[PDB]
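Trainee: Experimental structure below, sequence on top.
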Number of protein chains: 2
Amino acid sequence: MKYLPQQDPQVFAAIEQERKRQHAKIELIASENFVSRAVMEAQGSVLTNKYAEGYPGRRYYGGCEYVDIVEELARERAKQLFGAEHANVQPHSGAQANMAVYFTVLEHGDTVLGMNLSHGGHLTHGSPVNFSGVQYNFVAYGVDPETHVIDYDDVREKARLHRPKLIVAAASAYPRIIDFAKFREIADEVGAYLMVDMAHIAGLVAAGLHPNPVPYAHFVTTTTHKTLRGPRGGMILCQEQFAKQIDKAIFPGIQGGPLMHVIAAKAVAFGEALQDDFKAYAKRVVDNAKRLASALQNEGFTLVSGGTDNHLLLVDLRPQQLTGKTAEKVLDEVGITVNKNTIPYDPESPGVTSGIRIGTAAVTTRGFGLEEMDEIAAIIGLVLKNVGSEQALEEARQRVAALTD
Amino acid sequence: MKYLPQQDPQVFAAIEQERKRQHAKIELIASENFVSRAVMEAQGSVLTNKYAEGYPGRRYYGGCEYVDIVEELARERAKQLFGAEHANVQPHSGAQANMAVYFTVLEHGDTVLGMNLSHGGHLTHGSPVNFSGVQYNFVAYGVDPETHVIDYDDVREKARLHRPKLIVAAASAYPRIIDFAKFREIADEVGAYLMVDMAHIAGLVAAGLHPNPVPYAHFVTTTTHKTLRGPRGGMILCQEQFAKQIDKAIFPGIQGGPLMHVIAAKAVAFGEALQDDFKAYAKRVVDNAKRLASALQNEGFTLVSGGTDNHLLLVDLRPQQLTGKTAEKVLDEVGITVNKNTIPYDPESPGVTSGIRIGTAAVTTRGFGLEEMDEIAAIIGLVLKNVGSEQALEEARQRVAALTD
Ligand SMILES: Nc1nc2c(c(=O)[nH]1)N(C=O)[C@@H](CNc1ccc(C(=O)N[C@@H](CCC(=O)O)C(=O)O)cc1)CN2
Ligand SMILES: Nc1nc2c(c(=O)[nH]1)N(C=O)[C@@H](CNc1ccc(C(=O)N[C@@H](CCC(=O)O)C(=O)O)cc1)CN2
């Protein structure tokens, strides 16, 4: 950076502080990743200066000759990546992506079937404090109390009983494979649309390491910044018969000017995902998750569903006699950055929580392998089984520093 | 750029063409500006990797120590810049800034009073093809058919008649000063809340060249990328009594994770606006627009409202038999970039329009003075009056290149 240190030392210092922290700490937040320097150069470009309301060739402004190309690259690479008939790459967020689809098929107060928050579901899947629970009538399905797996019989029962207009499958903290065909089977039985939110597993779907929801869903929504390893933003994938409707929902429906620089960055992110070395990368994330889960089990931690089938695992911290709020803070002190996370049937509210959610997507990107996962789990063990010990706390800091070196 | 040209040639070529076009063409899109290289460096930072749901000190993730500083800086500066009691810098957009406020003070179907689209109002101020007009019952106020100035008597009438829960003031294509005193006076008469959308005029307000809405409004929504000359995104300013409810409306209400990198650039922009430089700049913006307006009138163009008190002007193109769509396309040919824009009482639809909107915020940033505005108005006069003339289009191209170097 050249001009920022000069004009704004306060902001620059804060950024450099953060830039060092991302290298000095061990980022284990499941939804987080480290983007390429090409992705950052794209959003750090002049495309922020451009108003491009509308779509390629159909704009409400002049001078869009070149941002139209950037957006077409994004749309076509997306369709190539997931096999979808249509793509919308303008959503500013996953939330805005989800919001748009809801705005497309649902009237105010319509019945929607979504995964319960504490069981794994996202805020936009029907949380009472989110716009989804407020705007639409959400009924919640969930997981088994013992196996912690989606009860599709429960789902069918709810669908037959409540007769929803749309069913939403997918989750923010479900360590297992979701069967989209069963969800579609249930949706056709009750005459409902199917939405799948692949935000967390989007990079795994592109790499063939999680079954594709696209052939089974009318609408597929995603973020671009999780396992897809792109810029902070959203995306919608749909069948040709919903293309125009979805596009109008984004604009003039729920958004205004699109972020063309972030859209440019999306195109790079998708270009990177199309390459072979991303499949190799994605395999390492899944392998690093399976190992870390098993390594945490060896330390004597308990995990929901007994492990993982994808990128993330969910530690139940009840036997360790700790809340997620403590675990997060104490691990953050020594170098391990996680997030407090709600477990199925969690006795605590989503601000306190009875567990922590760990992801391997970020650490894999910076070159950590199987041998490294073993040390991560041992540090987490040393810290969480010896809470108040300043000796264990300090040893952990030396060991984390040895990893990030 | 160092890594994008090698990684993604197709995306890099498009960005460079766009970069060249920004310099080569005369960008007169009223809602566009050119950010500093410092603002660009901030958006391209590693802050894009951080999930920071919640607020400084109240985060649902770990490792936020530094992004918190970035957000605090953005907020405290915004308060210093506008004299607001509270600020929210997380809105992805001006669209989302407005949406959250509507989500705070309004329930579904509620009556809201906002400015008509063609009379100058924005899409989010009650369009029936926008969520605002679909979620809420919007009654429209407009401007006088002869003077094109807000009929405040009509606003007062519409307010007494429909008893709205909220009044929205401010516009996308209103070339005159909006009396906020009168709006609050009206809002207090019917007991309604007042929201002002200063998005377009934020930079002028920061410089004491437009009456500040903050003292008169309960809520002040804005974009950061217009006359404020910052990154693409939104912001909410409000009185202290709504502070907590506003923060909840953004998250977990209508948005997910904030764009921390954009919030860094938001902090940089407000810092640029706090300097003595900015006030001088903003003066030239208003002076250049006033000159360009007068110069266009000498050429024979009919201007909505007869001139401009701000950064913006609307050309009524009906006398010269041209739609806005046509005028936008022909000026693009000669190297002048505007957008087609609806005028008060437009006989045509928003996709065709009877006029064009012109702003000076962007050309003033690159150093154009009062003498450049004279030339620009001459070129626009040469082209739009000699539409088919191929020798008139070529002379324009040469005069545009003489200005842009
Ligand atoms: N299962 C699951 N885990 C997740 C998410 C999620 O949406 N679902 N998240 C993705 O967002 C992150 C956490 N974000 C969250 C933010 C707010 C609330 C929430 O319900 N807040 C309420 C209740 C507060 C309390 O009682 O503690 C509120 O603020 O009123 C939940 C999750 C990470 N883990
Ligand atoms: N006064 C004003 N000027 C403005 C805006 C605005 O919101 N208000 N804009 C805000 O950024 C841009 C225009 N954006 C717009 C986009 C769509 C529609 C609209 O009503 N579209 C309808 C019908 C259009 C058609 O097909 O002819 C539709 O899409 O169904 C209007 C304005 C530029 N100038």
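Mentor: Received, thanks. Residues are numbered from 1 along each chain as shown, chains lettered A, B, ... in the order given. Ligands and ions are numbered 1, 2, ... in the order given.
Trainee: how far is whichever strand or helix holds residue A:280 from where the chain is centred?
Mentor: For residue A:280, the enclosing helix or strand under DSSP states H and E is helix A:276-298. Centroid displacement of helix A:276-298 relative to its chain, using Cα atoms, centre = their mean, to the nearest Å, is 17 Å.
Trainee: name the helices or strands packed onto it?
Mentor: Packing partners of helix A:276-298 (3 or more Cβ pairs under 8 Å, 6 or more residues apart in numbering or on different chains; DSSP states H and E): helix A:202-206, strand A:302-303, strand A:312-316, strand A:355-359, helix A:361-365, helix A:370-384. Where you see a C-beta, it was placed from the backbone N, CA and C, and this is true even at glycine.
Trainee: which residues touch that helix?
Mentor: Residues from elsewhere that reach helix A:276-298, judged by Cβ atoms under 8 Å, 6 or more residues apart in numbering or on different chains: A:175, A:203-204, A:206-209, A:227, A:229, A:272, A:303, A:307-308, A:310-313, A:315, A:358-361, A:363-365, A:368-370, A:372-374, A:376-378, A:380-381.
Trainee: List only those of the residues you listed flagged as buried.
Mentor: Applying 16 or more other Cβ atoms under 10 Å in any protein chain shown to those, the neighbour count classes A:175, A:203-204, A:206-207, A:209, A:227, A:229, A:272, A:303, A:307-308, A:310-313, A:315, A:358-361, A:363-365, A:368, A:372-373, A:376-378, A:380-381 as buried.
Trainee: quick one, what contacts the single nearest residue of the stretch 1-150 of chain A relative to ligand 2?
Mentor: Relative to ligand 2, the nearest point of the stretch 1-150 of chain A is residue A:60 (4.2 Å; Cβ to the nearest ligand atom). By Cβ under 8 Å, 6+ apart, residue A:60 lies in contact with A:53-54, B:339-340, B:350-351.
Trainee: and the closest residue to ligand 2 within the stretch 101-250 of chain A, what element?
Mentor: Relative to ligand 2, the nearest point of the stretch 101-250 of chain A is residue A:248 (6.5 Å; Cβ to the nearest ligand atom). Per DSSP H and E: residue A:248 is located in helix A:243-248.
Trainee: As a check, name the ranges of all strands in the stretch 101-250 of chain A.
Mentor: A:111-115, A:137-141, A:166-169, A:193-197, A:219-223, A:234-238 (DSSP state E, counting those that start in this stretch).
Trainee: Adding mean neighbour count and distance to ligand 1, write the ones you listed out as JSON lines.
Mentor: JSON lines is the format used below for the strands of the stretch 101-250 of chain A (neighbours: other Cβ atoms under 10 Å in any protein chain shown; distance: least, Cβ to the nearest ligand atom, whole Å):
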{"stretch": "strand A:111-115", "mean neighbour count": "25", "distance to ligand 1": "9"}
{"stretch": "strand A:137-141", "mean neighbour count": "20", "distance to ligand 1": "12"}
{"stretch": "strand A:166-169", "mean neighbour count": "27", "distance to ligand 1": "13"}
{"stretch": "strand A:193-197", "mean neighbour count": "25", "distance to ligand 1": "10"}
{"stretch": "strand A:219-223", "mean neighbour count": "29", "distance to ligand 1": "11"}
{"stretch": "strand A:234-238", "mean neighbour count": "27", "distance to ligand 1": "14"}
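Trainee: Let's have those strands in CSV, adding distance to ligand 2.
Mentor: Output for the strands of the stretch 101-250 of chain A, formatted as CSV (distance: least, Cβ to the nearest ligand atom, whole Å):
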stretch, distance to ligand 2
strand A:111-115, 26
strand A:137-141, 28
strand A:166-169, 23
strand A:193-197, 23
strand A:219-223, 21
strand A:234-238, 18
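Trainee: Relative to residue A:385, which of these is closest?
Mentor: strand A:111-115 (31.9 Å; Cβ to Cβ).
Trainee: what pairs with that closest one, and is each one parallel or antiparallel?
Mentor: strand A:137-141 (parallel), strand A:166-169 (parallel) (DSSP bridges).
Trainee: picking up where we left off before, which among the contacts of helix A:276-298 are in contact with chain B?
Mentor: Counting by Cβ under 8 Å from any Cβ of the partner chain, residue A:272 from those sit close to chain B.
Trainee: any chance you could map the helices in the stretch 1-150 of chain A?
Mentor: Applying DSSP state H, counting those that start in this stretch to the stretch 1-150 of chain A gives helices spanning A:4-7, A:9-24, A:37-43, A:67-82, A:94-105, A:131-135.
Trainee: quick one: which of those is nearest residue B:112?
Mentor: Per Cβ to Cβ, nearest to residue B:112 of the helices of the stretch 1-150 of chain A: helix A:131-135, 16.6 Å.
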